[PDB]
Amino acid sequence: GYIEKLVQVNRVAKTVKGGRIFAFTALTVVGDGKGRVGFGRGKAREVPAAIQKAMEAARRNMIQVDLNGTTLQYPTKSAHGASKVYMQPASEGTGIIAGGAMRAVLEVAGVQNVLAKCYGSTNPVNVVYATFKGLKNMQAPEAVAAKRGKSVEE
Amino acid sequence: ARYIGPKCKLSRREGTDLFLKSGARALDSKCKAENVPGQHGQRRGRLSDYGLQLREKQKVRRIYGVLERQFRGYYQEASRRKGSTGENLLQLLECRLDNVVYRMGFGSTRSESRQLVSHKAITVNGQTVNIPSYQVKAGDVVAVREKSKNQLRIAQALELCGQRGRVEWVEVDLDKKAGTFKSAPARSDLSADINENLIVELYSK
Amino acid sequence: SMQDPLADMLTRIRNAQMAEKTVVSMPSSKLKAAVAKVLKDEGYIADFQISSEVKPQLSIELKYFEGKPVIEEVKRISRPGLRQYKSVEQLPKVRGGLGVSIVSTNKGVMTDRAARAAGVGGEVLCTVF
Amino acid sequence: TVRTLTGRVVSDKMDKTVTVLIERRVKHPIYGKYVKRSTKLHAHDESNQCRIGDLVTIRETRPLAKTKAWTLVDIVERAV
Amino acid sequence: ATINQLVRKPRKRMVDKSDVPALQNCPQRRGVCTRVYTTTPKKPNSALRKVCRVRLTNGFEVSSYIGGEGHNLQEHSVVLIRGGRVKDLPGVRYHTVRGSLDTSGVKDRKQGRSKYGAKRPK
RNA sequence: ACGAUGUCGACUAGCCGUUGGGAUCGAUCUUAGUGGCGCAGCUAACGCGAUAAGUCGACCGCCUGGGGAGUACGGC
RNA sequence: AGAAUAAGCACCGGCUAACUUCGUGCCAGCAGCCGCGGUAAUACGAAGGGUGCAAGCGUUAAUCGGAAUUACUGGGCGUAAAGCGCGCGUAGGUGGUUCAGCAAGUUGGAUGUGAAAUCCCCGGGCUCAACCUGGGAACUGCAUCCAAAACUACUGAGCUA
RNA sequence: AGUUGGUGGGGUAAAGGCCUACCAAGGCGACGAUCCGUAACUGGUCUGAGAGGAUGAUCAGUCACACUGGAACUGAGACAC
Ligand SMILES: [Mg+2]
Ligand SMILES: [Mg+2]
Ligand SMILES: [Mg+2]
Ligand SMILES: [Mg+2]
Ligand SMILES: [Mg+2]
Ligand SMILES: [Mg+2]
Ligand SMILES: [Mg+2]
Ligand SMILES: [Mg+2]
Ligand SMILES: [Mg+2]
Ligand SMILES: [Mg+2]
Ligand SMILES: [Mg+2]
Ligand SMILES: [Mg+2]
Ligand SMILES: [Mg+2]
Ligand SMILES: [Mg+2]
Ligand SMILES: [Mg+2]
Ligand SMILES: [Mg+2]
Ligand SMILES: [Mg+2]
Ligand SMILES: [Mg+2]
Ligand SMILES: [Mg+2]
Ligand SMILES: [Mg+2]
Ligand SMILES: [Mg+2]
Ligand SMILES: [Mg+2]
Ligand SMILES: [Mg+2]
Ligand SMILES: [Mg+2]
Ligand SMILES: [Mg+2]
Ligand SMILES: [Mg+2]
Ligand SMILES: [Mg+2]
Ligand SMILES: [Mg+2]
Ligand SMILES: [Mg+2]
Ligand SMILES: [Mg+2]
Ligand SMILES: [Mg+2]
Ligand SMILES: [Mg+2]
Ligand SMILES: [Mg+2]
Ligand SMILES: [Mg+2]
Ligand SMILES: [Mg+2]
Ligand SMILES: [Mg+2]
Ligand SMILES: [Mg+2]
Ligand SMILES: [Mg+2]
Ligand SMILES: [Mg+2]
Ligand SMILES: [Mg+2]
Ligand SMILES: [Mg+2]
Ligand SMILES: [Mg+2]
Ligand SMILES: [Mg+2]
Ligand SMILES: [Mg+2]
Ligand SMILES: [Mg+2]
Ligand SMILES: [Mg+2]
Ligand SMILES: [Mg+2]
Ligand SMILES: [Mg+2]
Ligand SMILES: [Mg+2]
Ligand SMILES: [Mg+2]
């Protein structure tokens, strides 16, 4: 999958005798648009190099999500650290009703009607963590049928 | 109201098609239409998401010449209408009377089409309509006055629009200077470059 | 001090599914037996059996399919502190219809879809996914 | 078909009258929990046959005195 | 909190107090200037701001800020004050409207001269 | 007045000490306390981890930015 | 008959779309929050050049939202605010298990009301809209009856964890 | 302390401590009585995804008042804009 999306660029500094040493951290999400998505982080002395290291990290550990034809399966609620996330499927007309890191993750992954909200802290990194921890864990039908046959479960 | 001013400074700022002239010579060799205006013009100026929404909303408003109170009323009506409001807004905004008398081939520019429609020179079923906002129901035979059929401006606009494409849903008889609308246009009919979803994202905030 | 034993049954089942146990025992109850029958019919547990001799013991054997357990999220709704009651139209569909909700209606203990099929509401005991 | 109301006798120190407590459980408008509220009514006991603790059923009539507009129709349970 | 605890005592909202206690739910209010003078600002800044002590119609005695480069306020001039807190001066919480009653606005202002009560040169 | 950790009840890998008793053949099992580690799980982190800060029930107390202030006035 | 005759306001450091020069030099001034200014200020005052609204444009005052920031939906209390110093106990809240009854809670249905207008859906009229107007939907509420018995409550008889 | 109930009488178009004479000591209240402050109520209006929060400008229904404090006459109806 190849669609970039740069969620955040941040500047950090560590103290040494004489002064400060600066570095840049880039958080990015990479996916194809049909259910493959990953996120990556990259820190470097310069903004560009940070972005490319983030992209290389994002292309690795890229996972597969089973979406319901440009829509989520069912309303889901996930968390990471102090960040909590709620998403639920929407109709065909609705766009992506989300904010920030959630919108990047969802528009990269492939969904288009998400109607989502986030509670608690709004750190982009932790919000991306929560959003994947939610998307990755959906089941889809004929997999909840890990109990018995189908059409007798829905 | 209406907008008065340069009609290609806008194109230079936006940097896209933005039909605002008769199209006699070209779109380019008038204003070097690739740079934003003013002293600070060469800079591309990478712009954030809010920039994207503002830029395309201004794009649609300027191409269709609608003010923002009217535009937001149009958007509210589209949101009220069922079935994927994003294209409902375009379908409803297309049915304006001035844009129809333009796209029917009776006017050189949207501004000249408004000029004609305001001064009471066009009919719908013979009844004087001079509001450049009338929403034309499908079926009505939009036509120019039998008195006005001999004006040469309509002739020049018609021969200029003779080579601009075919929409393949209207039925137009050109000898008598009349139009006819059968059914509302589909989403695929209009230029499928500018997306409708980003507008509804703008107005959902 | 044993104020609500149905949540105790659910908690024992969840704590066993978390520690990867194969069987679970508990003191028997008519409501617990009904809920176990509904869960077994729906497919969330393999089998259950009830003992005898004055102190009956309900025993339930658990399913895992993959390395994960079959029951991933079981929780209580109408605790003895709220007593939630619902109507047919306002019954809850869980996980978009891929889970089930145990409801005690005036026709017995069934699932939400079976309750809707009879157009009868009741008390929402617990939700299972 | 008279509209009765069942209740518990609380005090009867006034002649030819009886105080009845009627208990209802009303749902809190927001928190969804039921709370037991009570109402005190005065009923006309013509032959003062209701002692304390008895459980009876009353009926609405025209006012007999000020703040006394109910009459007991029959005792349904006695007291120990 | 437990549901029973909330039933016994429900959750209560704390009211928001007004940052402009005078001019009670009123857009702007008239007053008379008792005293004009200059003040020093807080630590990071350094200047000589112009503040007028005002006695309102109700009776509240307040401070107000004369926004602009020049003013013509003496001691007994009727002024009109509006809400708005000067972040730099301690205690000031209102602004004198320029060119309302006895302020006449500020002269020869071209850019944004509606917040300062200046007329169009045309 | 501190475990800076309300009381009551039910479940959830193990290892090494120690206090007051029981059994079985110094060893094994078990019971009520008291300590050190540690898997899951939890936590912002430190850390907790059958003496939970884990998973659940019943009831009570308390919190809503820092000062002014646990102060002023009134009541006991 | 005549283009004749009728454009202003705010902003341009980030949040937030839009930059250069000149003049002062922690002065004069700006400001919703971070904050600018001490001799090249995209933040002060002016010029040009842009951005946004438009017969309006800003400013102030007031409500809800964002605020999951009083958390029923939907928060917390070892160290950030937050477990009474500790027991006993009144009202109140909650209640191991079996059989049977009743029908208050609970569920389904019927009937009466819930004034009209306003809100929502489909039409009609004024050149459209604002506006007017037909029909319907809705008004989660309340009361009176009929039926059911899984759970809670009430009644009787048991059992021992 | 007419405060709560009863008996006899009076009174009103009408039930009633509504008024009166006797009989007894009752009645209300932490499910907040009494007291202080504040305020016409509702359909509804503004917000909100909803639950809620704020509110009662226009229009419609009910209530109260008519310089301030009392009282009755006329009538089917007034304590009378
Ligand atoms: Mg927060
Ligand atoms: Mg207008
Ligand atoms: Mg303000
Ligand atoms: Mg303490
Ligand atoms: Mg404790
Ligand atoms: Mg304890
Ligand atoms: Mg404890
Ligand atoms: Mg315990
Ligand atoms: Mg340890
Ligand atoms: Mg903690
Ligand atoms: Mg404070
Ligand atoms: Mg003290
Ligand atoms: Mg004192
Ligand atoms: Mg910008
Ligand atoms: Mg300014
Ligand atoms: Mg300079
Ligand atoms: Mg400037
Ligand atoms: Mg809120
Ligand atoms: Mg606010
Ligand atoms: Mg809660
Ligand atoms: Mg908190
Ligand atoms: Mg401390
Ligand atoms: Mg303690
Ligand atoms: Mg106490
Ligand atoms: Mg105790
Ligand atoms: Mg008790
Ligand atoms: Mg029981
Ligand atoms: Mg009880
Ligand atoms: Mg019912
Ligand atoms: Mg109505
Ligand atoms: Mg029956
Ligand atoms: Mg007397
Ligand atoms: Mg009598
Ligand atoms: Mg009498
Ligand atoms: Mg009376
Ligand atoms: Mg009170
Ligand atoms: Mg009021
Ligand atoms: Mg008043
Ligand atoms: Mg009120
Ligand atoms: Mg009043
Ligand atoms: Mg609304
Ligand atoms: Mg909300
Ligand atoms: Mg009025
Ligand atoms: Mg009215
Ligand atoms: Mg009167
Ligand atoms: Mg009077
Ligand atoms: Mg007067
Ligand atoms: Mg008088
Ligand atoms: Mg009379
Ligand atoms: Mg009169």
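**Brief notes about the side chain of D:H44**
As for its placement among the helices and strands, D:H44 is situated in strand β3 (residues 34–44). Of note is the side chain of D:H44, whose polar atom sits 3.0 Å from the backbone oxygen of D:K16.

**Description of the sheet that holds strand β2 (residues 19–31) of chain A**
Residue and element names in this part refer to chain A. Here we have 4 strands laid out as an open sheet, ordered β1-β2-β3-β4, and antiparallel in their pairing. Either end of the sheet is taken by a strand with one partner, and the two such strands are β1 (6–16) and β4 (63–64). Pairing geometry for β2 and strand β3 (residues 36–44), over 8 bridges, is antiparallel. Within β3, the residue paired with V30 across the bridge is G38. The strands touched by helix α3 (residues 124–135) within the sheet are β1, β2 and β3, with β3 carrying the most contacts at an inclination of about 155 degrees.

**Quick look at the pairing of strand β1 (residues 28–39) of chain E**
Residue and element names in this part refer to chain E. Where β1 and strand β4 (residues 78–83) come together, 5 bridges link them in antiparallel fashion. Residue pairing for β4: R29 is matched across the bridge by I81. Where β1 and strand β2 (residues 49–56) come together, 8 bridges link them in antiparallel fashion. Across the sheet, residue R35 finds its bridge partner in β2, namely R53.

**Focus: the UniProt feature "domain: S5 DRBM" in chain A**
Under the local residue numbering, the UniProt record ascribes the feature "domain: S5 DRBM" to residues 2–65 of chain A. Counting secondary structure, residues 2–65 of chain A comes out at 20% helix and 55% strand; the distance between its end C-alpha atoms is 16 Å.

**Let's talk about a positive patch on the surface**
Residue and element names in this part refer to chain A. A contiguous patch of positive charge on the surface is contributed by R41, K43, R45 and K53. Mapped onto the elements, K53 comes out in helix α1 (residues 47–59). Accessibility expressed as a relative area gives 43% for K53, which makes it partly exposed.

**Thoughts on the interface of chain A and chain C**
Interfaces are often sized by the accessible area lost when the parts come together. Facing the 11 residues of chain A at the interface are 13 residues of chain C. Each partner contributes to the roughly 1100 Å² buried at the junction of chain A and chain C, and carbon and sulfur atoms together form 55% of this total. Counting the surface chain A buries against chain C, the share from its top three residues, A:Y74, A:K147 and A:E154, is 44%. Between the two partners, chain A and chain C, sit 2 salt bridges. The interface formed by chain A and chain C holds 3 residue pairs in polar contact in total. Grouping the constituent residues of the side of chain A that touches chain C by class yields 6 nonpolar, 1 polar and 4 charged.

**Details of the protein's contact with RNA strand F**
Close to RNA strand F lie 23 residues; C:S1, C:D8, C:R14, C:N15 and E:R8 are nearest. Atoms of RNA strand F within 4 Å of the protein belong to the sugar or the phosphate in 79% of instances, the rest to bases. Separating a phosphate oxygen of RNA strand F from a side-chain N or O atom of C:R79 is a distance of 2.9 Å. The contact in question runs from a phosphate oxygen of RNA strand F to an N or O atom on the backbone of C:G81, over 3.2 Å. Elements that contribute at least two residues to the surface near RNA strand F include exactly α1 (5–18) of chain C together with α1 (3–8) of chain E. Counting residues per element, the surface near RNA strand F draws most heavily on α1(C), at 7 residues. For the surface near RNA strand F, a count of residues per class yields 6 nonpolar, 9 polar and 8 charged.

Definitions and cut-offs
Residues numbered from 1 in each chain as written, not as in the entry; some residues may be left out. Chains lettered and ligands numbered in written order. Part of a larger assembly, values for the part shown. Heavy atoms only, no water. Residues with missing side-chain atoms left out of burial classes, pairs and counts. Helix = DSSP H or I, 4+ residues; strand = E, 2+ residues; numbered from the N terminus. Polar contact = N/O pair within 3.5 Å; in protein donor to acceptor, adjacent residues only side chain to side chain. Pairing = 2+ DSSP bridges. Contact = heavy atoms within 4.5 Å. Axes fitted to C-alpha atoms, helices over the stretch in contact; angles between N-to-C directions. UniProt positions renumbered as here; feature names shortened; annotations may be inferred. Patch = residues over 30% accessible without salt bridge, like charges linked within 9 Å, V, L, I, M, F, W, Y side chains within 5 Å. Areas by Shrake-Rupley, 256 points an atom, 1.4 Å probe, with all protein chains shown as cover. Salt bridge = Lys/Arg side-chain N within 4 Å of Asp/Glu carboxyl O. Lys, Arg positive; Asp, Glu negative; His and termini not counted. Charge placed at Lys NZ, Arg CZ, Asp CG, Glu CD. Buried < 20%, exposed > 50% of the residue type's maximum accessible area, 1.4 Å probe, protein only. Buried area = accessible area lost by both parts, 1.4 Å probe. Nonpolar A, V, L, I, M, F, W, Y, C, P; charged D, E, K, R; others polar. Near = heavy atom within 4 Å.

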